[PDB]
Amino acid sequence: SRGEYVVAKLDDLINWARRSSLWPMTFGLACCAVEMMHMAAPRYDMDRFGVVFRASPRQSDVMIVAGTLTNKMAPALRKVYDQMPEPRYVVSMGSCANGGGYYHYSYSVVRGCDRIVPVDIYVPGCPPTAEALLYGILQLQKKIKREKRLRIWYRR
Amino acid sequence: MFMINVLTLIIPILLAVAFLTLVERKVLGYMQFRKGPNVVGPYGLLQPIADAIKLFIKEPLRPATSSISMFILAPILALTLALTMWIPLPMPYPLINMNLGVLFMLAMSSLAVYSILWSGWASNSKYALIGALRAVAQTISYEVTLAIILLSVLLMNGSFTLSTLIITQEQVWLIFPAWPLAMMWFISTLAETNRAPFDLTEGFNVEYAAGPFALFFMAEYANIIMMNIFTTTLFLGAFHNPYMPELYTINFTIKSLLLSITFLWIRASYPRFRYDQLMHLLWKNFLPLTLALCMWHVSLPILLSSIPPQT
Amino acid sequence: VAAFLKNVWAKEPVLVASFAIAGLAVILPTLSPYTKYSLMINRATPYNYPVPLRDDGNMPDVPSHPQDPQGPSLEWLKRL
Amino acid sequence: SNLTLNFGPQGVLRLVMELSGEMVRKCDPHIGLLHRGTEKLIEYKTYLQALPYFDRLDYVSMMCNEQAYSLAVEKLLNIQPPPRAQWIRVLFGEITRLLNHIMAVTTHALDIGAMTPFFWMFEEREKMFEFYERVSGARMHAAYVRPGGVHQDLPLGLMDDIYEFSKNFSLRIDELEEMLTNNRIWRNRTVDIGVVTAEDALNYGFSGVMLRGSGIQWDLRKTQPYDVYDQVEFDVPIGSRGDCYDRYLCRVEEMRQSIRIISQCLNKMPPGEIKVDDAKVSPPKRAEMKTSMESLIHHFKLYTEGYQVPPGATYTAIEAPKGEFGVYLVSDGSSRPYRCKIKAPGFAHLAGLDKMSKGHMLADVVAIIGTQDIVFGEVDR
Amino acid sequence: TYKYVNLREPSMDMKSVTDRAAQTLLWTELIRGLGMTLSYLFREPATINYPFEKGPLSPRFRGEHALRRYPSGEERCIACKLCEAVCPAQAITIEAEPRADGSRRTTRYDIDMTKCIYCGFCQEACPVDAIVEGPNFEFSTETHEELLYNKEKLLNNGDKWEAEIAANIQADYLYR
Amino acid sequence: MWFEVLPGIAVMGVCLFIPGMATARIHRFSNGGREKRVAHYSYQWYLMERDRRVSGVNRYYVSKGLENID
Amino acid sequence: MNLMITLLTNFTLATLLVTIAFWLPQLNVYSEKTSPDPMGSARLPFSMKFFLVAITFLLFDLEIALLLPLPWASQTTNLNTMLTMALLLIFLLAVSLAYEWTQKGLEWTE
Amino acid sequence: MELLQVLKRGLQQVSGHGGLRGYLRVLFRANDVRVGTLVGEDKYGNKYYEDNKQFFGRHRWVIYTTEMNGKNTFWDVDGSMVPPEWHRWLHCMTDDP
Ligand SMILES: CCCCCCCCCCCCCCCCCC(=O)OC[C@H](COP(=O)([O-])OCC[N+](C)(C)C)OC(=O)CCCCCCCCCCCCCCCCC
Ligand SMILES: CCCCCCCCCCCCCCCCCC(=O)OC[C@H](COP(=O)(O)OCCN)OC(=O)CCCCCCCCCCCCCCCCC
Ligand SMILES: CCCCCCCCCCCCCCCCCC(=O)OC[C@H](COP(=O)(O)OCCN)OC(=O)CCCCCCCCCCCCCCCCC
Ligand SMILES: CCCCCCCCCCCCCCCCCC(=O)OC[C@H](COP(=O)(O)OCCN)OC(=O)CCCCCCCCCCCCCCCCC
Ligand SMILES: CCCCCCCCCCCCCCCCCC(=O)OC[C@H](COP(=O)(O)OCCN)OC(=O)CCCCCCCCCCCCCCCCC
Ligand code: SF4
Ligand code: SF4
Ligand code: SF4
């Protein structure tokens with residue numbers, strides 16, 4: 001049908017504009033922040049992908065949780081996640097954000113940031129390299145590319 | 001016909017503001033030993049379009065506002081004053097050719113602080129109001145030296161006419177007799193637009209959604225490009241053949257782009273002033289030299305018999 | 001006058017440049033030879049109409065035509 | 001009344017400010033936001049297993065904390081590393097010092113507003129992380145410096161690349177110093193800011209640049225020297241006013257002197273083994289693990305049980321780039337520590353943050369949190 | 001053995017005082033900083049074209065885990081449990097039994113990659129070079145349980161990556 | 001390298017070139033092939049209204065020379 | 001008339017842009033958010049200093065309002081009187097600044 | 001003048017990708033148009049290029065195929081598309097293709 005074609009091209013357009021202009025809010029919790037800063041450094045250079053460096057949380061597209069999530073800061077993580085406008089995404093980076101990591105059996109560590117916020121991309125490593133974090137961000141962009149909001153809206 | 005002239009003024013203003021963001025990200029790329037955007041478009045040319053469509057379909061931030069009226073009128077005033085600063089600018093010919101275009105631009109630039117003040121009070125955050133009051137105090141501080149430097153240069157112009165300011169500089173750039181005025185004017189226009197190293201708001205409109213925040217952003221870059229064009233006309237004014245206006249148009253365009261790149265090249269070089277440090281810079285460094293040079297530029301066309309013509 | 005000036009030029013050179021430029025602006029028009037020609041140019045600029053006179057009979061120093069010799073001349077404005 | 005702000009966690013730090021307008025009357029840093037209970041997890045793991053926790057304390061000074069823990073365990077074991085392992089430890093400790101001072105200076109400039117030398121110096125930091133990845137396989141947390149020496153010998157051609165890096169790195173220091181040192185805006189943000197007297201710096205437990213910026217002539221590589229720091233020749237920069245600008249200059253000069261030490265370590269690297277040749281502490285080679293019976297037994301028992309450390313308590317302190325980094329290790333005779341207190345300089349520095357930010361303003365608080373190089377991993381453990 | 005940073009006294013002749021006042025009024029060091037930033041504008045940037053260009057790595061690199069086989073198809077792992085004994089994160093879980101030909105082999109070999117700290121003690125504790133931490137770092141997942149590898153995933157990693165793992169071990173085993 | 005910024009500066013320069021080129025060509029179109037009459041002062045407006053009166057076609061820019069006198 | 005049409009067009013364009021920016025993202029149906037700052041709940045304390053720099057701006061802007069007809073005043077035939085009064089007004093602006101200096105008036109906004 | 005050689009090198013980069021069509025192909029798929037010595041090609045269509053005049057990091061690269069394992073990778077290029085025999089060469093783990 002015609003309207004299916006129109007909403008397919010409109011999904012392609014809005015998915016292009018949302019994946020080619022991702023603005024990250026980076027939680028600099030622990031050692032993974034250093035490798036995020038290397039992913040922003042001139043070698044790997046997030047900014048050429050449209051991924052800007054240190055946007056504010058109230059206009060960011062993706063929350064990168066980069067480091068250990070302790071019990072003392074889990075409500076602050078959820079609060080900053082709730083202040084993010086939609087569509088918001090969460091990238092988990094490194095082992096402590098993913099599943100607790102080297103502090104999995106700790107009394108004071110949230111065992112994975114997916115007990116707190118919904119996580120889209122799990123980037124593994126300790127720390128994952130800046131090239132590996134950039135691979136995870138490009139896989140996030142591909143996940144945004146195959147979204148079907150207006151196609152499902154026309155079919156609902 | 002005149003409406004076509006108004007639209008061909010105000011639509012390429014918005015296009016040049018859209019691509020100033022790309023030029024800024026590219027220049028601050030290559031000055032920071034990296035690349036700017038080059039993936040989204042061919043050489044990154046689709047980055048402003050992708051950015052604008054991202055900001056315009058984002059969820060609204062849904063603020064609780066102290067006012068509806070000022071919360072809506074602050075972007076409207078910001079964009080209206082950002083577009084109406086372009087109408088007396090000779091490029092070589094202005095849209096609205098008036099006798100007092102310099103004083104017109106000084107007045108309409110003094111009116112731009114109400115956007116900051118209304119958007120700061122129309123947010124419920126007290127920190128946003130403190131940042132907005134500090135930005136308003138900064139802007140009204142540097143408007144003083146804007147007015148006095150502008151007056152001293154127009155003592156060499158002869159009138160408040162902006163088209164006479166091209167006739168004034170036919171034999172020499174006006175940066176040569178007025179380079180201390182030119183450098184204090186340049187830093188003062190840098191401190192008008194909350195531009196680095198004077199950007200304390202990045203170190204007042206955090207309650208707006210992504211759309212209206214983009215509107216404030218594009219009004220701010222319209223102000224940046226406009227004050228660079230005004231500085232170009234006022235100190236580095238180009239040759240004007242009346243039979244071929246494209247010579248002056250190409251020339252002031254190249255100089256204005258180099259001056260906007262100089263803004264981008266200054267923000268990639270310096271740390272931020274602390275607030276009382278740039279208050280010290282205005283009220284205790286720029287203002288005494290500005291007053292002394294105002295006395296000099298009053299008494300100098302009289303002592304040289306170089307009083308400029310009234311008409 | 002020599003140690004104070006060096007002290008203020010080392011501590012606050014902005015204020016020294018301020019008072020020096022302001023002092024030159026105050027005193028230097030009273031010493032320039034070109035200052036008289038500012039007044040002589042401003043009185044020579046004809047914003048109004050030079051309304052003619054009725055010739056009563058005894059006025060040798062007033063011309064009857066613009067291209068006549070007698071009257072005010074601006075040869076000095078050309079030459080300077 | 002007076003103002004009370006909460007600069008919250010939106011590392012990470014919570015700050016409770018009592019302000020009197022523009023001034024700062026009281027600064028309360030609420031920490032613990034990266035408390036992970038490291039030094040309780042150390043108690044259930046062996047000495048080799050507790051080694052990679054030290055990489056993640058000061059996560060911009062990895063091989064330094066590895067070196068301090070390795071020196072603590074080797075002191076309790078009454079064994080010493082071979083000389084080549086000692087020169088490799090001092091070499092990579094000074095490369096780690098360059099890493100930490102680039103992180104310190106460029107983030108201290110980034111927070112104030114100079115965002116450009118960050119990008120200029122993280123390419124050099126990227127090359128030093130390539131040196132870490134070539135020597136150990138990981139770019140940050142190497143687990144390379146071990147009790148007994150190091151884990152593995154330098155790959156061939158690594159020292160030529162450390163030469164090619166060190167030959168060019170002084171120009172990078174010079175262009176950083178061109179952007180910031182004589183810059184009047186950088187001086188106006190750092191000269192009158194956080195003046196620390198020498199007596200209060202000794203009293204508050206400050207260490208490193210936080211002492212040496214205030215004129216105290218104390219460096220643990222000179223006074224209480226470890227592996228081969230009595231055999232290298234370098235100078236110790238000393239401040240004069242105890243402010244943020246002198247501490248900036250001390251860190252730039254420590255980059256200079258680290259380049260000097262790295263040149264001397266490249267020219268004086270001896271031949272030999274890289275582990276202690278006691279196979280009851282350091283594991284044997286894999287070629288002799290797969291041929292000798294004693295070496296297979298020692299491989300089995302070191303990678304399952306580990307070496308037993310004799311009972312005793314030690315406080316081993318080294319000169320990490322943030323200051324005196326100490327390990328108070330208590331061994332009960334088993335192959336696991338009984339106790340491991342981790343002294344880190346940033347804890348006492350962030351304790352002294354409240355005195356250093358009295359009478360200053362709110363935008364001077366970020367300069368004082370910059371001049372104390374605070375990594376909250378080492379603060380909160 | 002020590003040096004005084006910032007203990008210079010400025011000169012007080014008219015030359016150097018006028019030099020410092022010219023530096024104040026004419027913004028000379030600010031022009032020096034602009035000159036350094038302008039110098040980096042006209043350099044080639046350090047930016048590689050990822051995904052089409054890759055950052056340089058070494059054969060010691062510790063990426064994704066894999067289980068190797070002998071050059072007869074027999075898997076190298078003989079269930080000795082040294083790698084889960086030395087694993088500082090306790091990310092490895094092993095269960096074993098004799099299989100149908102009497103060989104000492106594992107039935108469970110799990111590595112929780114979200115617990116793993118990627119330090120490679122398992123590959124250096126392994127007496128038969130069975131578990132290796134190979135070259136792969138681009139294995140990000142969209143789901144948490146996809147980073148919980150069982151024995152089948154690790155053997156498929158070994159079969160996928162053996163052509164590169166064997167060459168890295170060949171290039172590096174003389175340092176080990 | 002550094003010349004990659006130049007497509008963006010080229011597009012921005014064309015966008016800054018369009019308003020002045022537009023207003024120059026529109027002033028030469030709407031005024032009979034010439035510049036727009038600048039009347040900042042009432043004498044200039046008076047001569048402009050005299051032009052509009054002497055042209056007969058209610059256009060200030062229709063010039064009348066020596067062909068209109070005898 | 002051309003200037004009023006230009007002001008009306010710019011105000012209309014700005015109103016249309018703010019209208020699009022407040023109507024277009026509202027047509028997304030995303031989700032209603034439940035439970036929608038450095039200071040907790042306190043009153044903003046009045047600062048003396050920001051008011052002082054505001055009044056200092058106002059007074060020096062009045063002095064600028066006196067100084068603005070100088071590019072027209074330099075055309076006069078009483079140039080000695082004009083130069084005297086011009087130097088007198090800029091000197092009174094400078095004396096206002098010097099009195100604002102020396103009596104601790106420009107403090108913590110220096 | 002050495003601007004002329006810069007322009008000639010740009011024009012022969014246009015000439016080296018098989019004309020304007022291949023030039024725009026590599027421009028929109030790669031965001032980089034420089035030519036290199038074809039080192040090799042795997043069993044999928046990934047092509048592998050060297051240029052030892054570039055700096056260390058740029059001197060080896062890959063142009064990913066348009067179709068691998070049933071996925072149209074004309075725009076969806078992916079880092080994991082490199083087979084492991086090329087992964088030591090491309091990540092500079094060895095000098096040998
Ligand atoms: C329009 C085209 C471009 C124009 C030029 C602008 C481009 C160059 C920009 C460079 C980067 C600037 C970034 C922002 C910098 C802001 C900081 C700064 O510079 O602060 C200003 C600094 C502030 O001083 P300071 O903070 O550096 O020094 C310490 C100051 N005290 C002592 C008060 C603590 O200097 C000035 O205020 C000087 C302003 C210009 C002076 C011009 C004087 C001309 C010479 C007159 C004669 C002097 C001789 C004596 C009398 C002789 C009489 C015959
Ligand atoms: C009735 C039929 C018509 C229905 C209405 C539609 C009208 C036309 C609307 C514009 C075009 C819609 C189609 C959008 C693109 C769809 C295909 C797509 O997404 O292609 C992806 C491709 C980039 O591929 P990528 O995956 O990024 O590869 C990275 C390489 N390393 O992307 C590219 O190569 C470039 C993509 C560019 C997208 C188009 C340009 C942006 C939109 C411009 C118009 C709207 C905005 C106007 C200005 C806004 C304010 C400034
Ligand atoms: C004063 C002048 C101001 C100028 C402002 C704008 C400057 C930049 C202009 C754009 C420059 C060129 C951009 C080219 C983009 C890439 C086009 C393309 O090929 O997109 C591919 C995409 C998917 O195509 P597909 O069918 O998948 O093909 C795969 C084949 N195997 O297919 C698509 O995406 C569909 C096609 C989309 C085309 C969009 C082109 C850009 C539109 C930008 C908006 C503004 C245009 C200019 C307006 C003012 C000037 C008139
Ligand atoms: C909060 C509400 C919404 C806020 C957003 C909208 C308002 C703010 C932004 C727009 C500001 C409009 C300013 C209007 C007047 C500008 C000054 C002006 O007209 O100066 C130019 C000129 C004087 O020069 P001259 O050469 O002598 O005149 C030609 C004679 N040869 O004079 C002329 O040429 C005279 C031309 C005719 C008179 C023009 C009057 C315009 C209408 C009155 C003002 C409308 C706006 C009112 C609100 C202002 C802000 C609160
Ligand atoms: C007659 C000529 C025209 C004069 C009137 C027009 C002036 C134009 C410029 C306007 C300036 C407005 C502001 C003036 C304020 C002056 C007072 C002042 O600033 O005194 C304070 C200052 C010491 O600063 P402090 O208060 O300690 O601040 C702490 C910062 N670390 O104190 C000082 O640093 C000492 C400042 C006073 C002495 C300056 C001497 C300069 C001499 C230059 C050469 C001669 C010039 C001719 C004039 C005669 C001077 C005696
Ligand atoms: S996964 Fe590891 S290296 Fe990464 S932030 Fe956590 S502790 Fe640090
Ligand atoms: S790399 Fe380290 S943490 Fe990971 S499985 Fe091996 S021994 Fe355990
Ligand atoms: S992988 Fe190696 S160390 Fe682990 S149980 Fe198997 S044979 Fe033993």
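Residues numbered from 1 in each chain as written, not as in the entry; some residues may be left out. Chains lettered and ligands numbered in written order. Part of a larger assembly, values for the part shown. Heavy atoms only, no water.

(A) Molecular detail of the interface of chain B and chain G. Residue-level contacts link 64 residues of chain B with 54 residues of chain G. Between chain B and chain G, roughly 5,500 Å² of surface is buried when both sides are summed, and carbon and sulfur atoms account for 82% of that area. Counting across the chain B and chain G interface gives one salt bridge. Of the charged contacts, one joins G:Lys33 and B:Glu59 as a salt bridge, the two residues approaching to 3.2 Å between their closest N and O atoms. Our enumeration of links across chain B and chain G arrives at five residue pairs in polar contact. Counting residues per element, the ones that place at least two in the side of chain B that touches chain G are helix 1 (2-30), helix 3 (69-83), helix 6 (126-157), helix 9 (210-235) and helix 11 (275-303) of chain B. Looking at side-chain class alone, the side of chain B that touches chain G contains 48 nonpolar, nine polar and seven charged residues. (Contact = heavy atoms within 4.5 Å. Buried area = accessible area lost by both parts, 1.4 Å probe. Salt bridge = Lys/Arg side-chain N within 4 Å of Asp/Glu carboxyl O. Polar contact = N/O pair within 3.5 Å; in protein donor to acceptor, adjacent residues only side chain to side chain. Helix = DSSP H or I, 4+ residues; strand = E, 2+ residues; numbered from the N terminus. Nonpolar A, V, L, I, M, F, W, Y, C, P; charged D, E, K, R; others polar.)

(B) Summary view of the side chain of A:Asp11. Residue and element names in this part refer to chain A. Relative to the helices and strands, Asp11 resides in helix 1 (residues 2-19). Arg151 provides the closest opposite charge to the buried, unpaired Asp11, separated from it by 4.1 Å. Among the polar contacts made by the side chain of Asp11, one reaches the main-chain amide nitrogen of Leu150 at a distance of 3.0 Å. Setting aside residues up to four positions removed in sequence, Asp11 forms contacts with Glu147, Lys148, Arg149, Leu150 and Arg151. (Buried < 20%, exposed > 50% of the residue type's maximum accessible area, 1.4 Å probe, protein only. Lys, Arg positive; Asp, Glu negative; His and termini not counted.)

(C) Summary view of the packing of aromatic side chains. Enumeration over the complete set of coordinates arrives at 48 aromatic pairs over all chains. With 6.1 Å between their ring centres and 25 degrees between their planes, A:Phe53 and D:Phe118 make a pair best called stacked. Of this pair, A:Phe53 sits in the loop between helix 2 (32-40) and strand 2 (62-66) while D:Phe118 sits in helix 5 (residues 116-136), each in a different chain. A residue is classified by how much of its surface remains accessible, and A:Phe53, at 23% relative accessible area, is partly exposed. A relative accessible area of 0% means that D:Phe118 is categorised as buried. (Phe/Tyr/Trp six-rings, centres within 6.5 Å; stacked < 30°, edge-to-face > 60°.)

(D) Summary view of the site of ligand 6. In the neighbourhood of ligand 6, 13 residues make up the surrounding shell, with A:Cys31, A:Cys32, A:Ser95, A:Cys96 and A:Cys126 lying closest. Looking at the residues close to ligand 6, they fall on chains A and D. For the shell around ligand 6, the residue count by class is seven nonpolar, five polar and one charged. (Near = heavy atom within 4 Å.)

That's the geometry; what it means functionally is another story.
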